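Reading through the structure tokens given below for one structure.
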Amino acid sequence: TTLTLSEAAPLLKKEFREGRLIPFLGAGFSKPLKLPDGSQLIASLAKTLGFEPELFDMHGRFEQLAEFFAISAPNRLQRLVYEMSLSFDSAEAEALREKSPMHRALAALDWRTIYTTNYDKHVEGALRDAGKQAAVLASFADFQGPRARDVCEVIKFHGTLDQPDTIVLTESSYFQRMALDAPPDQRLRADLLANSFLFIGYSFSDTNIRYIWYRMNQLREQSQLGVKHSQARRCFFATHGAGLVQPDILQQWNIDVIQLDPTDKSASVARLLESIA
Amino acid sequence: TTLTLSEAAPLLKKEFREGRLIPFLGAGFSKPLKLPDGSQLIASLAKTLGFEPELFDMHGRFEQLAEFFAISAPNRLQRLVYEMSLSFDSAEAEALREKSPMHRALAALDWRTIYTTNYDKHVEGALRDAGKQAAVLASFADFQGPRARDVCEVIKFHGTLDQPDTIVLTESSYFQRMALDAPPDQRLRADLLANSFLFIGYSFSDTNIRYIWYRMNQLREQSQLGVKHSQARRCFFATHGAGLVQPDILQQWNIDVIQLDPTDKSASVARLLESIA
Amino acid sequence: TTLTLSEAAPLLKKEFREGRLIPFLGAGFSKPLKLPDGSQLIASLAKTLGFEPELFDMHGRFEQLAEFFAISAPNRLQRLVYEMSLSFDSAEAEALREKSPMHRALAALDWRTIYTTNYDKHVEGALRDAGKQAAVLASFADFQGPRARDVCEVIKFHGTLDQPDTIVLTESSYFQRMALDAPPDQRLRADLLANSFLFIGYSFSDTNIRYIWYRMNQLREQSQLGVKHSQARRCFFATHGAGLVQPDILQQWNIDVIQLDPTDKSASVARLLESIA
Amino acid sequence: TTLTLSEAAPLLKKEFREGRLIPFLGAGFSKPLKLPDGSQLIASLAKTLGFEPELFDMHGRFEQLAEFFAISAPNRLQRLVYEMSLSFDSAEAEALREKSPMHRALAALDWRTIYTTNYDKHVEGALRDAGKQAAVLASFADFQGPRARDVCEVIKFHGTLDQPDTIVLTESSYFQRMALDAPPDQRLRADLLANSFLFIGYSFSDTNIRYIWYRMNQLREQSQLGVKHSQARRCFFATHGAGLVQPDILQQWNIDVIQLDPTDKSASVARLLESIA
Amino acid sequence: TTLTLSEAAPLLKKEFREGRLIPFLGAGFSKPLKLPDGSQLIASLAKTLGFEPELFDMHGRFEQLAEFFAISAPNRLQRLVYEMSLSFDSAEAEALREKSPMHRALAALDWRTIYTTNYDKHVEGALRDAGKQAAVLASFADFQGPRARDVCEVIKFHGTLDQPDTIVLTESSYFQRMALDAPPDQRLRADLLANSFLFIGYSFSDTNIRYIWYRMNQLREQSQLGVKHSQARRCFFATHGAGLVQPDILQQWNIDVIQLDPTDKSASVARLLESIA
Amino acid sequence: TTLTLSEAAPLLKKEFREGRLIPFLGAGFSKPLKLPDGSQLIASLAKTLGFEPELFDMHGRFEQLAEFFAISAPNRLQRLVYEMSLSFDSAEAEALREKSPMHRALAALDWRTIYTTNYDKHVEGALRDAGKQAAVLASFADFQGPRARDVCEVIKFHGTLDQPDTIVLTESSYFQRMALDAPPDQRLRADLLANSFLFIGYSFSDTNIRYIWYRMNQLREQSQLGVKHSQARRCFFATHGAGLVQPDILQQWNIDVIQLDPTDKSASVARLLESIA
Amino acid sequence: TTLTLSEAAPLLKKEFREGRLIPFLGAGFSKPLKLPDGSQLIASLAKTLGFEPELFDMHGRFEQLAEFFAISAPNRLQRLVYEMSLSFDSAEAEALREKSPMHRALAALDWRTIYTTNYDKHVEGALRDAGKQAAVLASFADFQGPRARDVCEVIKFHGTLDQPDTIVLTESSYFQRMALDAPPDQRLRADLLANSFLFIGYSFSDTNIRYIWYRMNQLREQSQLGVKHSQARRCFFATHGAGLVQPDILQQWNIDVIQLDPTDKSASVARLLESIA
């Protein structure tokens, strides 16, 4: 129950010719940019509170340690968003983004909507490197602004570093995004009615994208509760290690798993995006 | 920011004299009963599908492996609920429940409402051993039935083994209980307006009780959105290892952490419940 | 499809002996107290804005005219709540409440929970006249306070005049109570799981109690979505003019209509409450 | 250093003929209306918290006991404002206000501005009984509303019972009115530049009107800091017991003390207001 | 976001019929009177100190050069106020004031309060030419004096030339008027609670009236900090060149910009004041 | 809601190890020195004005009777400051200060800043008896003078007897210190941003330290009006009789009440200061 | 009335040996770091709103154009703070800060307190390059945190780029900092009582530092209003072009002007800071 590269290529091409394919890009898409972890950044900020960096990492997950900065030392949480903006959007990360085959193969296609969950600017900046125009959508003021219909709309699903109050990084902020009331969430509610999604750069043990995968399936079934049940467009999830139990769970959430070649991570994602063209 | 046994004893006693203390019992409360794990039970059922037991456990969490039985081999999921009912409610588990000081100290108090998240019958059966009456509340038909006001109402928050369609064990069933629409959820929505909760038998890395801890705090703040902000009754969480970061997070969710003595797990919980008397 | 007085009397008595009957009292229950209309009060306050009283009533419903005071002249809306508290809870209204057979027959029964939607104090004051104790529940601070189990809890579903920020009288406040997030709403979510309701003092053209009648039925059906469908306790609505189409609609909302004698309105309600005893 | 009735009568008449006399009415002006104390009302509300009424009065001043309701039981503070509105503005208090010679002698004069610090409506209602028009000014919305120049403006310096969020009764609300930032305070800042004040109904041990007496003098001296020092209009304070040290202190705060006849309190105030005519 | 002449005429007329419109007149209102600059006057007085007139103007703003006379040669600062009184209030300036259509259209309306920031007498003298009475209010002794209610009160916000110690012309005097403690400032604190302002004769680059525009908005928001936020009366600013960014800033300071016809400056202001009639 | 000696000892020790604990010493700290009352001293000076000492005390509070000397007989007010300097700083008061355990336990700790409100020299002289250096700060010339960083700065909040023009003893001087413009007040404005305060030697009925307790809380909340609300360091107030209502009021002013043993007043304060060490 | 380099060197050295000299660093101190203007940055962000960059600069000052982004397009104001943090704190600005003789001569001295008004980190980073420790103080949470007495405290008077809600850059934020209520303002109120200030890097036409220069002088004179007038420590302002009128104004604001050599701006500031050593 797992597609290969050559099997999924005519399936993705059919969704793209009629304009109904939306990429949903994760943290693994920014892997060739050699960015800092963030868990390494939050551990070095804990030295001022008396923590050793390996000892502060012991006390919980990354969003739980950021919860601790949000309530006990709020000036260090703003310091964390500050030095991620210097690191994730540095000039060295732009130079790797010029030569990355993943970001070139993404920008070679005329997308209409691109979703991403990472905070850096390298999804839009890939489109600017190809001479294309992109519109960042993170806050209410971004949606209200005018733009042309030719422009690909890049929705920052968890905020952008240039709008620091849109960042979803604290554990309490992840829990209140489960109600789906943010402006990126309301845009997702209308796009799942018409489109198929291509999830790239996630792991099966994320537990946040798994709730989104569940909740998208529940909103598709709820949208056809009184009418006869019609078949929906199939979503996709590109993986390098699919496993043996998790692809069967994802079938019932309207998502087919695509096994990519695990020898070179960045090349096999680039061959997937070039087979859509 | 952590209470001890002697510091939390007058705080719990003040809530109990005016009838506003509700225990919320977890899987660690059934630890002295020597029950099977359930993850061990689901691994031995996977031998018929060609899995080694250590290899089937590798492919995900326990609720995710039960999701796999719910969609690929539904007769093995009903087999799992069957042999948990033979194991968790066996005669050997009742005999340990007679002599358990945790279950005796729980039943020595005249509670009005007891919440529990585990499937076995040993919360009510502790009350039956003390000569007291208990009313199990898991489904809609349980709430509709008549009972006296003297009877302690034990709400099975995740179902009961004698009503197998109420069991919350599949991963999709955990995700749809986050909307809080079940009859145990609607009872919780009214009890958080008036009561304080005593959480016993959980870990900080549960990620399901953490959403409940968040969502109870959000429903308290939402219930006083137009009126002036008044101080609510404080909830409590008894732990044997509190850590160093997690008790500060729980303070903002209206929950004080009680450090119990970690040398004997079962005795220190029993000294907590006897200090309320 | 309409019950009479003698037909509904053993049905109401069976629900009352096992403690599962809750009155839900409307504005028609305070009809013998000779209170001012409120629409007459809001029209006389509009003289300072240049309106004739018959002309200000023309421009919309009562909750819509109170919306106009909430946004254009907020000191007149607080004046309206002020002079309803002088009028609805006057000493002349208490003296009629002493001799009212509706309020005496209500207080002759040992209720556990009484719901009411009107702002005046005459539901609790009927219980105080019979020597019984009542607990007013309108805000979050009311639920948090201590009380005995013998005391009948009177939940003010639309607020109380002694807590003016709990009053649901503006049109926008009626619309945001449709989400059912207030503390009287969260108490209603748990009481519909176990109880039957006796609606007294409403009209079929209210359009606010009709949404509540719909939404209670939807929450009963949602509470048994996975289990087998069991039969719920039947609710009741006492009327003096039932009509011919509206009682059939109410049957599908789990509500039986009771036709009372329309010659004397107050006496026939009093004969209903005395047949429960 | 104390004026009598006949000595102060040509001094008050000269300020009134040129329209520069403003009454500043205290709690002693509502003494013939036989109102409840308020300290008696707050003591009877403390029975629900377990206090005896003589024991709750022991723990502090009246504004300090109202501070205790504002933070520990906020629904009882709104209950206090509720039952003062039923008591201070009752029909029995209006009937005594019809026949009170103090309120008749106040309304027989064509005032331009009347200040009062008590919450009841009996300063305006005295003017309505004489067939005159009055404009209540307590909140920002009251000043914004239109009115004629003939109408006497009655500024409620500590709020009105029909606008309960304007009430200055909590101790913290008295402390933040010392900064003089409320809309009645900003009106007082401009009226002290041109007018003389007649303080009626205070005691020397009030400690709130003493700060106002100090701060008015400081604002007069600050308003002529660069120009040559000119003589200001003299303010007045009518008393029944002047004492021996306190009238000399008030001379340096630009206030002359008028000794009234202490045998009948209400008659001697009425002879003062009739000598102005 | 800019009103025209015909759009703002019913808005100004509605504020004037209910007596809540106050003009706030600047230096551009005395432009047709052909007065000397003052910066030209202070430069010619610097010849005695060894300055060329174009060189003395180089060393700072006009209020900063007057600061230099206040501390290094105080007899030349009094000389400056002397020869402004001979020049700004000359007989030639009165003869132009007789025939000025701006000053005739101002005096054709029955104002209650007129604010002005310029030192000359031509705001009152316009009212004396129309046969109307005016009361100059600049110092504490002016407010203390008696007057009738029919008389329009003209408050000199920065002093008058006949009271030379009230002149606000030194830079240090402008800085200490930012605390708003002068008698014209205390009158402004009470008038912003009830009135709308018509600012005529200023520029956007003044930086002194911009602080007043900010501080009036802050005092309106501070006056409704505990009550519900009600809508205030809108202020107005008549301009001949509005620009493109500055009218949007003024919207948040409760001020609408009125674009007047820039071809004839004096005629378009006169058409504005005649449309109010 | 009241700490004991052993409960508050680790809380005070944590603030002291990081140098953020400032004592704020009242008149009860100079109680073992057997000083004259001052109210007894001002009554004996009134014999020359014709007053009996028990009769002069009747006419007002102590600061009000000192107001009477400031305006009617100014040479007796300077006589009062003269004979307090002979009495409060006598050689007999120094000998009791040598053996006082309160003053020894205060000087055994290396404080950085000590505030006191009493006029005598016995707070610095306690530090000189322990061989430590102290710097008295009362006037502007004291702050301007040079000193080392090792020296504990003792700020005389109400003046010192060796600088008689700094004494805050007249009622008008207490009222003008409520604006917080004195040099001890400006130092307090910066120290509340970083430090926690230990109030020793006051009563709940002081009404001057209650305004300071209010105003410190208001300045903490004003200092974080635009940023997210962070938790401040908790202040402390040591008492021998705490009462039952007043400790709850002080909780909202960021002050925890410490109940000391009332059997020996001086010993229980000394055990508090030695538990910090 | 202007000091030279050699004349001011023993005056600055005497204030530094006794620890009473505080630098107050402006935007001209970050001039050798080759930072972008900010007015250039805000003009390039206006291209998305339809402005040419030379045309958007025409419509007002820099803080007024940032006011326009704060109310009409708030996502571009956060974009401005974002790309100043990438530009002002870049790695190229750190490398120039290593070799800057101004920043080396500043860090060669053991300061106790350094004030700065610019947003970049190069005042602390100069101290970190010399192996010294610095503590950034911008928000309330910064003052509450612990630190040693050896550490130089660098107070960011207008905020820091790593705490974006502390930035004072909008025109309305400059106007509300004139009340001096921010935590850097409250620290300035206590430091002017004891210290002398060295202002480096400002112009005479700033109009914001001129209000601070005025208001510091007013707070020194207010702090000695009742005592005899003593001479204060003299403040200093280093300039490259002093002019001819402005140094005489600054003498009355307790500030002496130091004329530095205008041929090399950065070298003459470095010779000033090395003459203090």
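FYI, nothing fancy with the structure tokens labels: chains A, B, ... in order, residues from 1 per chain, ligands from 1 as they appear.
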Given a cut-off of 9 Å, which residues of chain C touch chain D, counting only C-alpha atoms, written out as an mmCIF file with N, CA, C and O atoms, in the first residue's frame?
data_model
loop_
_atom_site.group_PDB
_atom_site.id
_atom_site.type_symbol
_atom_site.label_atom_id
_atom_site.label_comp_id
_atom_site.auth_asym_id
_atom_site.auth_seq_id
_atom_site.Cartn_x
_atom_site.Cartn_y
_atom_site.Cartn_z
ATOM 1 N N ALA C 73 -25.992 55.054 22.830
ATOM 2 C CA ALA C 73 -26.176 55.782 24.085
ATOM 3 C C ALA C 73 -26.089 54.791 25.235
ATOM 4 O O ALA C 73 -27.107 54.356 25.778
ATOM 5 N N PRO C 74 -24.863 54.411 25.628
ATOM 6 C CA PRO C 74 -24.707 53.297 26.582
ATOM 7 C C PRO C 74 -25.183 53.614 27.982
ATOM 8 O O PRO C 74 -25.462 52.686 28.748
ATOM 9 N N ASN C 75 -25.291 54.890 28.341
ATOM 10 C CA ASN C 75 -25.809 55.254 29.648
ATOM 11 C C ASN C 75 -27.314 55.047 29.759
ATOM 12 O O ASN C 75 -27.823 54.930 30.878
ATOM 13 N N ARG C 76 -28.039 54.992 28.640
ATOM 14 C CA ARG C 76 -29.461 54.680 28.700
ATOM 15 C C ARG C 76 -29.731 53.188 28.804
ATOM 16 O O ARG C 76 -30.801 52.801 29.282
ATOM 17 N N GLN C 78 -27.829 51.152 30.685
ATOM 18 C CA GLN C 78 -27.659 50.928 32.115
ATOM 19 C C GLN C 78 -28.805 51.533 32.910
ATOM 20 O O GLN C 78 -29.136 51.038 33.991
ATOM 21 N N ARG C 79 -29.411 52.601 32.392
ATOM 22 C CA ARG C 79 -30.630 53.145 32.980
ATOM 23 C C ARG C 79 -31.790 52.167 32.856
ATOM 24 O O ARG C 79 -32.636 52.091 33.753
ATOM 25 N N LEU C 80 -31.835 51.404 31.761
ATOM 26 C CA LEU C 80 -32.904 50.431 31.561
ATOM 27 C C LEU C 80 -32.801 49.273 32.541
ATOM 28 O O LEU C 80 -33.814 48.831 33.091
ATOM 29 N N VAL C 81 -31.587 48.772 32.773
ATOM 30 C CA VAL C 81 -31.381 47.696 33.736
ATOM 31 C C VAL C 81 -31.623 48.202 35.154
ATOM 32 O O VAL C 81 -32.095 47.457 36.020
ATOM 33 N N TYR C 82 -31.349 49.486 35.393
ATOM 34 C CA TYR C 82 -31.599 50.095 36.695
ATOM 35 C C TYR C 82 -33.081 50.135 37.031
ATOM 36 O O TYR C 82 -33.487 49.729 38.124
ATOM 37 N N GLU C 83 -33.904 50.624 36.114
ATOM 38 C CA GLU C 83 -35.313 50.792 36.425
ATOM 39 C C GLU C 83 -36.134 49.539 36.164
ATOM 40 O O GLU C 83 -37.321 49.520 36.494
ATOM 41 N N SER C 85 -34.798 46.827 37.678
ATOM 42 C CA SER C 85 -34.544 46.314 39.016
ATOM 43 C C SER C 85 -35.424 46.981 40.061
ATOM 44 O O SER C 85 -35.788 46.335 41.047
ATOM 45 N N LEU C 86 -35.787 48.247 39.863
ATOM 46 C CA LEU C 86 -36.736 48.900 40.754
ATOM 47 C C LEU C 86 -38.164 48.437 40.523
ATOM 48 O O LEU C 86 -38.972 48.480 41.454
ATOM 49 N N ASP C 89 -38.562 43.890 40.828
ATOM 50 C CA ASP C 89 -38.310 43.386 42.170
ATOM 51 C C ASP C 89 -38.823 44.343 43.239
ATOM 52 O O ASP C 89 -38.236 44.451 44.318
ATOM 53 N N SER C 90 -39.914 45.042 42.953
ATOM 54 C CA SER C 90 -40.477 45.995 43.892
ATOM 55 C C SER C 90 -41.211 45.272 45.017
ATOM 56 O O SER C 90 -41.416 44.057 44.987
ATOM 57 N N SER C 139 -23.506 33.534 37.522
ATOM 58 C CA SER C 139 -22.156 33.827 37.074
ATOM 59 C C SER C 139 -21.219 32.717 37.520
ATOM 60 O O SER C 139 -21.618 31.776 38.204
ATOM 61 N N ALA C 141 -18.746 33.047 39.612
ATOM 62 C CA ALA C 141 -18.539 33.142 41.050
ATOM 63 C C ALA C 141 -19.669 32.506 41.845
ATOM 64 O O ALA C 141 -19.459 32.133 43.002
ATOM 65 N N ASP C 142 -20.858 32.373 41.254
ATOM 66 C CA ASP C 142 -21.957 31.713 41.946
ATOM 67 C C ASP C 142 -21.749 30.208 42.004
ATOM 68 O O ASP C 142 -22.037 29.580 43.028
ATOM 69 N N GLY C 145 -19.034 29.109 44.670
ATOM 70 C CA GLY C 145 -19.358 29.231 46.071
ATOM 71 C C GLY C 145 -19.923 27.955 46.659
ATOM 72 O O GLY C 145 -20.505 27.128 45.954
ATOM 73 N N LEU C 161 -30.819 40.481 37.951
ATOM 74 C CA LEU C 161 -30.744 41.932 38.054
ATOM 75 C C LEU C 161 -29.741 42.411 39.096
ATOM 76 O O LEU C 161 -29.295 43.560 39.013
ATOM 77 N N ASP C 162 -29.362 41.576 40.062
ATOM 78 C CA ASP C 162 -28.349 41.985 41.026
ATOM 79 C C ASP C 162 -26.930 41.768 40.524
ATOM 80 O O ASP C 162 -25.980 42.171 41.200
ATOM 81 N N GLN C 163 -26.768 41.137 39.366
ATOM 82 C CA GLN C 163 -25.477 40.999 38.696
ATOM 83 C C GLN C 163 -25.686 41.510 37.279
ATOM 84 O O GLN C 163 -25.962 40.722 36.365
ATOM 85 N N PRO C 164 -25.573 42.825 37.061
ATOM 86 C CA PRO C 164 -26.040 43.413 35.795
ATOM 87 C C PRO C 164 -25.214 43.039 34.579
ATOM 88 O O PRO C 164 -25.708 43.182 33.456
#
DSSP on the backbone, helix (DSSP H, G or I) only: what residues of segment 111-269 of chain A does that give? Format it as a tab-separated table (two decimals) with C-alpha atoms, in the first residue's frame.
chain	number	residue	atom	x	y	z
A	124	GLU	CA	8.83	32.37	-1.13
A	125	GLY	CA	12.49	33.11	-1.79
A	126	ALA	CA	12.69	30.05	-4.01
A	127	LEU	CA	9.91	31.59	-6.11
A	128	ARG	CA	11.68	34.96	-6.19
A	129	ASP	CA	14.86	33.26	-7.43
A	140	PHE	CA	-5.32	39.05	8.90
A	141	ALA	CA	-3.66	42.14	7.41
A	142	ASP	CA	-1.96	39.96	4.78
A	143	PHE	CA	-5.26	38.56	3.48
A	144	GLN	CA	-6.84	42.03	3.40
A	164	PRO	CA	6.62	37.66	15.39
A	165	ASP	CA	3.13	37.62	16.94
A	166	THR	CA	2.01	35.05	14.34
A	171	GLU	CA	2.87	24.50	23.46
A	172	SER	CA	-0.25	26.47	24.40
A	173	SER	CA	-0.23	28.01	20.94
A	174	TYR	CA	-0.17	24.55	19.36
A	175	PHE	CA	-3.14	23.50	21.50
A	176	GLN	CA	-5.25	26.51	20.54
A	183	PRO	CA	-6.65	32.88	9.40
A	184	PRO	CA	-4.40	30.13	7.94
A	185	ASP	CA	-6.85	27.60	9.39
A	186	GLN	CA	-9.90	29.24	7.83
A	187	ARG	CA	-8.18	29.23	4.45
A	188	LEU	CA	-7.44	25.52	4.90
A	189	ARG	CA	-11.13	24.82	5.58
A	190	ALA	CA	-12.08	26.04	2.11
A	191	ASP	CA	-9.12	24.58	0.23
A	209	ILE	CA	0.49	16.97	11.53
A	210	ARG	CA	-1.31	13.75	12.49
A	211	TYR	CA	-4.11	15.77	14.06
A	212	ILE	CA	-4.25	17.90	10.90
A	213	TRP	CA	-4.39	14.72	8.79
A	214	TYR	CA	-7.24	13.44	10.94
A	215	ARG	CA	-9.12	16.73	11.00
A	216	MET	CA	-8.93	17.24	7.23
A	217	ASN	CA	-10.52	13.82	6.74
A	218	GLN	CA	-13.25	14.63	9.26
A	219	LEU	CA	-14.04	17.91	7.50
A	220	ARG	CA	-14.32	16.11	4.15
A	221	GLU	CA	-16.76	13.57	5.57
A	222	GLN	CA	-18.74	16.28	7.35
A	246	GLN	CA	1.74	3.81	9.32
A	247	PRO	CA	0.94	3.82	5.53
A	248	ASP	CA	-2.19	1.75	6.19
A	249	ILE	CA	-3.44	4.26	8.77
A	250	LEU	CA	-2.91	7.13	6.32
A	251	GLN	CA	-5.05	5.39	3.66
A	265	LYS	CA	17.18	12.62	0.59
A	266	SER	CA	17.34	15.89	-1.34
A	267	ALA	CA	17.72	14.36	-4.79
A	268	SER	CA	14.70	12.05	-4.53
A	269	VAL	CA	12.43	14.92	-3.50
- Note on the structure: One decimal place gives the atom CA of residue 30 of chain E-atom CA of residue 181 of chain E separation as 26.6 Å
- Please provide as a PyMOL selection string all residues within 9 Å of residue 200 of chain F, with the sequence filter that same-chain residues fewer than 4 positions apart are discarded (counting only C-alpha atoms). chain F and resi 23-29+236-239+269
- Message: Just want the 8 Å neighbourhood of residue 62 of chain B, counted on only C-alpha atoms, with same-chain residues fewer than 4 positions away dropped. Output as a PyMOL selection string.
- Response: chain B and resi 39+57+66
- Message: Would you compute the distance between atom CA of residue 155 of chain A and atom CA of residue 113 of chain A? Give it in Å to one decimal.
- Response: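 Computing it gives 7.4 Å between the two atoms.
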